[PDB]
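Descriptive analysis of the structure
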Amino acid sequence: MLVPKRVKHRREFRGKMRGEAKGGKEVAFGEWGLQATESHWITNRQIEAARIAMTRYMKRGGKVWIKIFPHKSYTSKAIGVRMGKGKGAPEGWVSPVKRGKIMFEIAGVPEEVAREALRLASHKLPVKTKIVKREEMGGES
Amino acid sequence: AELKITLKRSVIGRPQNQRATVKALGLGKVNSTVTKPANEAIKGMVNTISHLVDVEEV
Amino acid sequence: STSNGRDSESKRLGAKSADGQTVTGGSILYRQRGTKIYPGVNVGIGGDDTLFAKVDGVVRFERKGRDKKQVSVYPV
RNA sequence: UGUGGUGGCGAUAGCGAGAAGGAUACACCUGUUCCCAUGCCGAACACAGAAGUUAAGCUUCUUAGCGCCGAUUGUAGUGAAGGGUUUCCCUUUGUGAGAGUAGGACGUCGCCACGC
RNA sequence: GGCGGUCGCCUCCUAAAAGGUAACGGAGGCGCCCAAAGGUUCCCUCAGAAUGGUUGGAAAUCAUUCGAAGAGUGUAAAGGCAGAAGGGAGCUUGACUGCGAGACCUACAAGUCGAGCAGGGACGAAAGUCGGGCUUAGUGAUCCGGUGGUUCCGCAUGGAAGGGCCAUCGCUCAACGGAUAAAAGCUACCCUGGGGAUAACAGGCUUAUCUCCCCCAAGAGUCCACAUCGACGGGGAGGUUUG
RNA sequence: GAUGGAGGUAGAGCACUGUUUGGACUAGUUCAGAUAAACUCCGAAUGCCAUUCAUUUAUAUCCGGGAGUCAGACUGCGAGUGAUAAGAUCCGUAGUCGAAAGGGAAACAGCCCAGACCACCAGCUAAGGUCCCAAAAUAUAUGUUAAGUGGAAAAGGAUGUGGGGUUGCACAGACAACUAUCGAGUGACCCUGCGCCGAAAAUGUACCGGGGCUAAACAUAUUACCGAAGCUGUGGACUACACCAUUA
């Protein structure tokens, strides 16, 4: 599980995703991408589950870029406790993802291994996805 | 020059500046009319009320 | 069972007369902390940074060089 | 015209690289007797000067590497008016960025003094 | 409801680009300090880094070159400040008396800023600046009592006793717009008036949790993912469980 | 409406402070990529303050007599608490209800249309509708769906069907089938309209209001009609103000 070292604030607000990605919508470092087409929260455990599945399938390695980091914490109260007093205790970490964001990148491996690995990563996740390659600019090798 | 302005909708359910605009023109009940000069101020009132009103350049 | 729960009274800071308004001597123009705005022709600063007229005239908010603002009062 | 001084204007006026110059003026430079000075030091500030020099400041001129001033049209948002599930999304009408760019730019306006 | 916490005042976020704005919402401070850390006149410019140098080390103290602020500002945070509000030196007590046109805030009572006039001054050659401190917390009506002043009154008259007016002192009255100078518990042994304005079963809404059903598939299964079981993860139905 | 202004939200940005991924490097700085409620080099729409301004309109201020209210509710929109649950709770902003009858939504405080002085066996429309219950089109042109989808529900699955694209292999003979010929086409990809499975609860069909529907469903256009206590027509009452000749 990824965790931020040293937060400045222990609790915070949650909202208000209102989808459209602000940042990385193109492949930057690899050859193949996994782009989210819905907007949702994505947690520590979902990322690690997807990463383990993606790497296990690629015997002889290759490389993998995780491009999504959980910055924002949770809180929650307990069963049997009435409404009222201040926020609960923090339990978890998440990152909000909006539609358009590329989330993983793979390279050093032909199509079918990369496509199978990105297929296995998506069943571990709560979003709809596409698979994209680097298309066309002044230079794309 | 002039414009005939007829009131086709009701003012129940609308906000207060739209009510007061209908009043500033002098429109009372549904289907009552009014005639005004063509200005940049009267056209602004007509543009605030356009969804309630019919206008004919006369 | 929380240890928060306290605040101070709001202070009603801001602009107290408008650009282009005529004003009599001594009337407040702007309440602030520190000089967000500066005093100009015929305007004074108080002890806690409030800006006031010294003379009757019109109020004009202007630009002080590259990154600062000024208030002046100009008699007719 | 050239130089000294003293002013307005958002650095489009700035920074760095490079050249040149002493006519008067500006400077560096030379000294501590006397006005004044160092929490030590005539370094500074203060004064008396006029051997020496354009090396440094200063002035003029070249340069768009760094800053600065930046449109247009496209998007993101959002006044009004409407539609689907209402977490969110869409269609008309009006407004319209921040980025990213085409371009600008190595100042401009004025008073006094002296010299040509 | 009890137990726990809180009760006045200051700064930020919430707060939807004027002002204002709730919650047992998210974070911190105050109940002072300074005779200079106040006034005024002159002068000054920071934190670091790199290079060398004996003790001396990463880092005490010296020298040079880069350095718009990455420092400092009595104390919390925000807004300000390098024409300093930051830092040194000389002289001083304006941390003055009587006031006050006009504004701000505001239910009231209170709170805040203020050019200018008069008396008498400090610093400076002048112009001038000075009615505490970069700004905003550091406080408590009235009644009653104490101390000092007074060209006020004084129950037939002259005094006195006593009172008034001006200046100041006595509050964790902290439940901080302050009930009285003075105040804790039990009732299953209980009584009256109200309330579904409010707690318990049943209903209703919700589905975290619970029971059930699934998607992907690493693996186990001698070999073989799917005879049987299904790690890390993902998606639903139901309204019997705890809420 | 025009003109000036104060202010840091929605964006989006990484100069400053937190949080963060890759690469080069070295002291023994760099190239890229993200992120924020208490970050900001930047920065709207709208709201707010003004004006010897303009055009329409009728209020505003000051003194005095008499009150009532200090339990609100739901529905857009934008925030916090909650699990971005509740017909939950607490604020901001607009409407209806409260204190509002009438039409639509089967029945329905708060949703959509619209504000009842009274009489009529007259007319035109709104929202919503036009096969029968039940007023008005068994309308017109061109398509889609076969599932009673329409008329509750997801991840995922599939030679269901419509439309638009990109291509591999084909009469110097293709894919399939037959041993050891055949005489037209045959595979693989993308976006997209509408459908299918996934789909189990307790008195009796049992979310189409019912009958029933293959259009009486859905999409795009077009014209008629129905439809309210809304508006109009004819007459009456009461009030105000202008007209008018006293007569009001």
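Determination of this PDB entry was carried out by cryo-EM to a resolution of 2.9 Å, according to the record.

1. Focus: the overall build of chain B
Within chain B, the regular secondary structure consists of two helices and three strands. Going from N to C terminus, chain B has its helices and strands arranged as β-α-β-α-β. Relative to its length of 58 residues, chain B is compact, with a C-alpha radius of gyration of 10 Å against a globular reference of 10 Å. The proportion of buried residues among the 58 residues of chain B is 26%.

2. Considering the packing of aromatic side chains
Taken as a whole and assessed by the stated rule, the structure comprises three aromatic pairs over all chains. With a centroid separation of 6.5 Å and an interplanar angle of 35°, the aromatic rings of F29(A) and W65(A) are classed as tilted. Separated by 36 residues along the polypeptide, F29(A) in the segment before β1 (32–36) and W65(A) in strand β3 (residues 63–66) bring together distant segments of the chain. Directly above the aromatic system of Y38(C) lies the positively charged group of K64(C), at a separation of 5.1 Å from the ring centroid.

3. Quick look at the arrangement of the chains
For chain A and chain B, which are not in contact, the least C-alpha distance works out to 28 Å. Taking C-alpha atoms as the reference, chain B and chain C come no closer than 23 Å and do not contact one another.

4. Quick notes on a positive patch on the surface
Residue and element names in this part refer to chain A. A cluster of basic residues, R10, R11, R14, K77, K85 and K87, forms a positive patch at the surface. Mapping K87 onto the fold places it in the loop between β4 (72–73) and β5 (93–97). Looking at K87, the relative accessible area reads 38%, which means it is partly exposed.

5. Some points on helix α1 (residues 16–25) of chain B
Residues and elements named next belong to chain B. Of all the residues in α1, the buried ones are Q18, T21, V22 and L25. Buried residues of α1 fall within an arc of 100° about the axis and therefore sit on the same side. In α1, the exposed positions angled more than 90 degrees off the buried face are occupied by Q16, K23 and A24. Those residues of α1 hidden inside the fold are in contact with β2 (33–37) and α2 (40–49).

6. Re the protein's contact with RNA strand E
The immediate surroundings of RNA strand E are formed by 47 residues, with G84(A), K124(A), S8(C), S10(C) and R33(C) found nearest. In the interface set of RNA strand E, defined as its atoms within 4 Å of the protein, sugar plus phosphate atoms amount to 73%. Side-chain polar atom of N4(C) to a phosphate oxygen of RNA strand E: 2.9 Å apart, as the coordinates give it. Of all the elements in the fold, those that place two or more residues in the surface near RNA strand E are α1 (44–56) of chain A together with β3 (28–31) of chain C. Here the element with the most residues in the surface near RNA strand E is α1(A); it accounts for four residues. Of the residues belonging to the surface near RNA strand E, the class tally is eight nonpolar, 19 polar and 20 charged.

7. Thoughts on the environment of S10(B)
Residues and elements named next belong to chain B. Summarising the element assignment, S10 is placed in the loop between β1 (2–7) and α1. On a C-alpha basis, the gap between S10 and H51 in space is 11 Å, while along the polypeptide they are 41 residues apart. Here the side chain of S10 touches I12 through a polar contact of 3.1 Å, landing on its backbone nitrogen.

8. Topic: α1(A)
Structural remark: α-helix, 3.6 residues per turn; residues separated by three or four positions point the same way. Residue and element names in this part refer to chain A. With 13 residues, α1 extends 19 Å between its outermost C-alpha atoms, agreeing within 8% with the 18 Å of an ideal straight helix rising 1.5 Å per residue. Every buried residue belonging to α1 is among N44, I47, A50, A53 and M54, and all of these are buried. Those residues of α1 hidden inside the fold are in contact with β2 (40–43), β3, β5, β6 (102–107) and α2 (111–122).

9. Let's talk about the sheet that holds strand β7 (residues 57–64) of chain C
All names here are of chain C. What the four strands build is an open sheet, ordered β2-β7-β8-β4; its pairing is mixed. Looking at strand neighbours, the two that pair on one side only are β2 (22–23) and β4 (37–39), the edges of this open sheet. Both β4 and strand β8 (residues 68–74) contribute to a ladder of three bridges, which runs parallel. Paired with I37 across the bridge in β8 is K69.

10. Some points on the protein's contact with RNA strand D
What surrounds RNA strand D is the set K16(A), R18(A), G19(A), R99(A), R14(B), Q18(B), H51(B), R63(C), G65(C) and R66(C). In RNA strand D, the atoms that sit within 4 Å of the protein are 67% sugar and phosphate, with bases accounting for the remainder. One of the backbone nitrogen or oxygen atoms of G19(A) is found 3.3 Å away from a phosphate oxygen of RNA strand D. Within the side chain of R63(C), one N or O atom sits 2.5 Å away from a phosphate oxygen of RNA strand D. Along the lines of polarity and charge, the residues of the surface near RNA strand D split into no nonpolar, four polar and six charged.

Conventions adopted
Residues numbered from 1 in each chain as written, not as in the entry; some residues may be left out. Chains lettered and ligands numbered in written order. Part of a larger assembly, values for the part shown. Heavy atoms only, no water. Helix = DSSP H or I, 4+ residues; strand = E, 2+ residues; numbered from the N terminus. Rg over C-alpha atoms; globule rule 2.2 N^0.38 Å. Buried < 20%, exposed > 50% of the residue type's maximum accessible area, 1.4 Å probe, protein only. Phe/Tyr/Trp six-rings, centres within 6.5 Å; stacked < 30°, edge-to-face > 60°. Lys NZ or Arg CZ within 6 Å of the ring centre and 35° of its normal. Contact = heavy atoms within 4.5 Å. Patch = residues over 30% accessible without salt bridge, like charges linked within 9 Å, V, L, I, M, F, W, Y side chains within 5 Å. Areas by Shrake-Rupley, 256 points an atom, 1.4 Å probe, with all protein chains shown as cover. Salt bridge = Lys/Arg side-chain N within 4 Å of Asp/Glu carboxyl O. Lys, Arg positive; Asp, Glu negative; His and termini not counted. Charge placed at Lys NZ, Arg CZ, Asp CG, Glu CD. Arc of directions from axis to C-beta. Near = heavy atom within 4 Å. Polar contact = N/O pair within 3.5 Å; in protein donor to acceptor, adjacent residues only side chain to side chain. Nonpolar A, V, L, I, M, F, W, Y, C, P; charged D, E, K, R; others polar. Expected span 1.5 Å × (residues − 1). Pairing = 2+ DSSP bridges.

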